[PDB]
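Presented below, as structure tokens, is a lone chain in the form deposited in one PDB entry.
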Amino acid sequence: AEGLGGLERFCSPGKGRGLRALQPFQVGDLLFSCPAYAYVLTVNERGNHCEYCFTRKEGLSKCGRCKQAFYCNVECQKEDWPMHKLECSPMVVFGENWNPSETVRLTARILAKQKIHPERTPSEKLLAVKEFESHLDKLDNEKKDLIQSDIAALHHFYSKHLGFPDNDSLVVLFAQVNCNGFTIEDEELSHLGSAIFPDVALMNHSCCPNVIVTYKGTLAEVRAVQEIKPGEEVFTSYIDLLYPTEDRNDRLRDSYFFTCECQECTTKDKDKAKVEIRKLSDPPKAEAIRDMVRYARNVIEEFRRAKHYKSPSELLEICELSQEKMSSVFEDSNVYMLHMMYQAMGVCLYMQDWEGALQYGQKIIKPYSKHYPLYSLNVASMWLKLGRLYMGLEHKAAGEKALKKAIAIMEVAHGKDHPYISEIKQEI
């Protein structure tokens, strides 16, 4: 049996619904593939990727009216039109004032797909969009205010062609988009867009995941990173595994209303190395260390919101200033130091400072390999960033070693026949 035939929908105790294997799955094996029910490309990736198939290309056929949407050919342009029509005219009319969030952009595509294709889609083999968990009973004022702001934005930019249901039905739908929604990312883990994969959304969370979700354009591919036996539950990671048990569970309680009780969460085995303190002769107080963790956590959240409006020169300054204050107590291997080093590397890449970005990457990779589990995409993308930075700076010996190390992880996660692997092999 293959695809969703060798797997089944079942009730996981204390987790609601879940997916379990009916056949053995080895490391690297493709469990199932799921096409996108609805998908949307991020504004910052326009001109680099096709709006319909997400294929990265140089020189795409741009839209005549708006000149914002880019396509492979007339076929990609015509096929994306039922979804693009909701944005083409408003982009010309509103101009700089056209600013709907990616959540609003995607929810509009779901409402359009629910109209065009009301019957069951190939994306809904085991779980349907109408059957999705919303956590309406658990929703607080903070979330309801954000959902209401999104509903108001949906009415402001998409009410020309889309007939909306009652406010309470939209509250449930937006909550379902947050609970079951995915973000399509490339080989370098750069944000490409947002999508809905109902069959993939059936899998529960674990900090020790047995599977990984990679993308082949708009198609999500689920591959094993651990040995799965028949009857075993299929688990994926909903969050970045670099952070300790506290930081991990605070995000899971805030975004998905649950507390993870897996092996890494129970034992808290990696927490010590993650929040590593320097070996000082005159160390700060236990309360002073707690203050720096609080500062670092607030600096990460402030950078998250500042990223979308502040200039790269300002963003690089917060990365540098935070690192200097944290470096007085925290080690270079510390996860809070690594985040600001990663963000500074990202800023350096936008500013096209290759030597600057390489300096950070060389300090990030060794603690990254230690903190992250085996076959992690964050480690794979870091080797991929280093390799491409070494190759570009004519250090072809160091590049070849890093790109091969990225391939070694990606052959299990993306599969040996993935187009990304073929590109990296051609770069060598």
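Here the rigid core means the biggest group of C-alpha atoms that line up within 1.5 Å when the two forms are laid on top of each other. Residue numbers here begin at 1 and follow the sequence given.
Quick note: we don't show the form deposited in another entry, though the next part is all about it.
- Once you line up the core between the shown form and the other one, the CA of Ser311 is the only one from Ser311, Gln263, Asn167, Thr259 that shifts by 2 Å or more.
- With the core held fixed, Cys208 shows a CA shift below 2 Å between the shown form and the other one.
- A displacement of less than 2 angstroms separates the C-alpha positions of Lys229 between the shown form and the other one, with the rigid core held in common.
- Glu355 is not among the residues whose C-alpha shifts by 2 Å or more between the shown form and the other one once the rigid core is aligned; its shift stays under 2 Å.
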